[PDB]
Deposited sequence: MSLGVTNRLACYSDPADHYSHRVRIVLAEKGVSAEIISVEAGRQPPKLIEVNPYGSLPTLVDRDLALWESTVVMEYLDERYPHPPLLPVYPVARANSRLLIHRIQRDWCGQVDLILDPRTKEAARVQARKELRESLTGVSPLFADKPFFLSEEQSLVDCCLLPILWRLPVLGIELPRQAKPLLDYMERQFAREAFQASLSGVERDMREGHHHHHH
């Protein structure tokens, strides 16, 4: 079991969190952004790529759901169909509304005006959702889920994204404090990621 992973990449970070939550020690092969063995199993050369015996999977969502189904404990999705769909919809909304901004900010080719606006929008949006972190210990959940596995890599990166949340976002800042301290999250961090804070 191996995972080709960009140690700087929030999408690779998602899969490293899932692996850590499941207690699965994969061989983590660090690939800098942009090797033959990876292109051999995944002609797209995208990261992360999971290889399980001779099975290659890519797309962080595909890989996270495979790991959640293959290694059932602890479950990272709800049990019933509506709640599961709600979790998958929340992952889609995080991708659409937050990850798009992250990707624009971090792309060296983004024009500065666009980078600045992306930062402003992402800061405002995270501040706006903060009240939802007051009453449940995980994001809209009583248990760590794949939703948190998508959120945490973004929140870890706020300093590198140039975003400081305001004091009124305390519920979200408290969620960060609890979540970043958890064993599985600490285990997920690449060397590059640890150096971001």
Original post:
Counting from 1 along the deposited sequence, which stretches were left out of the model?
Top reply: 1-8, 43-44, 208-215
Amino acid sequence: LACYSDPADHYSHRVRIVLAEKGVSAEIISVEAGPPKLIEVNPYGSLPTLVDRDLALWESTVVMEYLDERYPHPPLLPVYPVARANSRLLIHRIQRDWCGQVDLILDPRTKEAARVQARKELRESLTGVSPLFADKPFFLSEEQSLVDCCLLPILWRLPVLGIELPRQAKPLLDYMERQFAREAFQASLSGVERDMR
From here on, numbers count along this sequence of modelled residues.
**OP:** Higher average CA B factor in the deposited record is what I'm after, so tell me if that's 150-158 or 134-142.
**Re:** 134-142
**OP:** With reference to the PDB entry, specify whether the mean Cα temperature factor is higher for 118-126 or for 72-80.
**Re:** 72-80
Subject >> Selection from 67, 169, 56, 38 [criterion: highest C-alpha temperature factor in the record] >> reply: 169
**OP:** Among all modelled residues of this chain, ranked by Cα B factor, put residue 109 in the bottom, middle or top third, i.e. lowest, middle or highest.
**Re:** highest
**OP:** Determine, from the deposited record, the chain-internal third of the Cα B-factor for residue 12: lowest, middle or highest.
**Re:** lowest
Original post:
Relative to the other modelled residues in the chain, which third contains the C-alpha temperature factor of residue 99: lowest, middle or highest?
Top reply: highest
Original post:
Relative to the other modelled residues in the chain, which third contains the C-alpha temperature factor of residue 20: lowest, middle or highest?
Top reply: lowest
**OP:** Could you tell me which third, lowest, middle or highest, the C-alpha B-factor of residue 61 occupies within its chain?
**Re:** highest
